[PDB]
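One structure is given here, and the rest of the page talks about it.
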Amino acid sequence: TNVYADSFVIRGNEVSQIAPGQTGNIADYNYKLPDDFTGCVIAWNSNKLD
Amino acid sequence: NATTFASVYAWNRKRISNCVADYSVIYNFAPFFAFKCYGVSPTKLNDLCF
Amino acid sequence: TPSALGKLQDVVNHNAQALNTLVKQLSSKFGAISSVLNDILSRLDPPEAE
């Protein structure tokens with residue numbers, strides 16, 4: 393129905409923090425996913441580019 | 343922040359009591375590719391006692 | 941004879957034994973790590989708590 397692609401950079405060992413119902417300085421104080429989330433999450437290397 | 347741990351057969355148990363542990367201060371150390379908690383979550387530690 | 945009205949006394953005894961046992965069933969950890977809800981929400985995250 394309505395697809396949105398949210399994006400943001402993380403420098404490696406923090407990807408496991410973005411999940412429905414998670415806390416932290418990158419969750420409550422930066423970016424929060426809902427508890428009724430319906431979608432997918434992705435994370436990958438971008439060495440040469442950044 | 344120790345220099346050298348012990349072997350797997352002579353692992354050193356470090357008892358800890360009479361303190362207040364802010365587990366968030368552990369993430370700022372070396373990367374944690376695996377922070378699995380089998381009885382609780384890696385977030386509800388700063389809200390519970392032991 | 942103290943056991944004259946046993947037919948009636950059995951009723952109020954079973955009705956009590958029906959609820960009393962129903963209260964002890966709240967201590968039954970039905971496939972759960974704890975029988976108290978407040979302990980689950982305090983120890984696990986919503987994804988794993990549900």
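Protein sequences, first through last, are from chains B, C and A.
Numbered per PDB author numbering, the first sequence spans residues 393 to 442.
Numbered per PDB author numbering, the second sequence spans residues 343 to 392.
Numbered per PDB author numbering, the third sequence spans residues 941 to 990.
Built from N, CA and C at the ideal position, the CB exists for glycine as well.
Select from the options the residue whose C-alpha is nearest the C-alpha of residue i.
i: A419(B); options: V407(B), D442(B), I434(B); result: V407(B)
i: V433(B); options: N405(B), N394(B), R403(B), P412(B); result: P412(B)
i: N343(C); options: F371(C), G381(C), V382(C), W353(C); result: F371(C)
i: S438(B); options: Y396(B), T393(B), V395(B), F400(B); result: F400(B)
i: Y423(B); options: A435(B), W436(B), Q409(B), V395(B); result: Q409(B)
i: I402(B); options: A435(B), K440(B), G431(B); result: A435(B)
Looking only at its chain, what residues have a beta carbon closer than 6 angstroms to the beta carbon of residue i, apart from the 5 residues adjacent to it on each side?
i: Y351(C); result: none
i: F377(C); result: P384
Measure how close the beta-carbons of residue i and residue j come, nearest whole angstrom, since I'm counting them as under 8 angstroms.
i: residue 283(C); j: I973(A); result: Residue 283(C) lies beyond the residue range present for chain C, which begins at 343 and ends at 392; the question has no answer from this structure.
i: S968(A); j: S975(A); result: 6 angstroms
i: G416(B); j: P373(C); result: Contact doesn't hold; Cβ gap of about 16 angstroms is too wide.
i: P986(A); j: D398(B); result: Rounded, the Cβ-Cβ distance is 20 angstroms, inconsistent with contact.
Query raised in the report: Between the stretch 354-366 of chain C and the stretch 378-389 of chain C, do at least 3 Cβ pairs fall closer than 8 angstroms?
Result: yes
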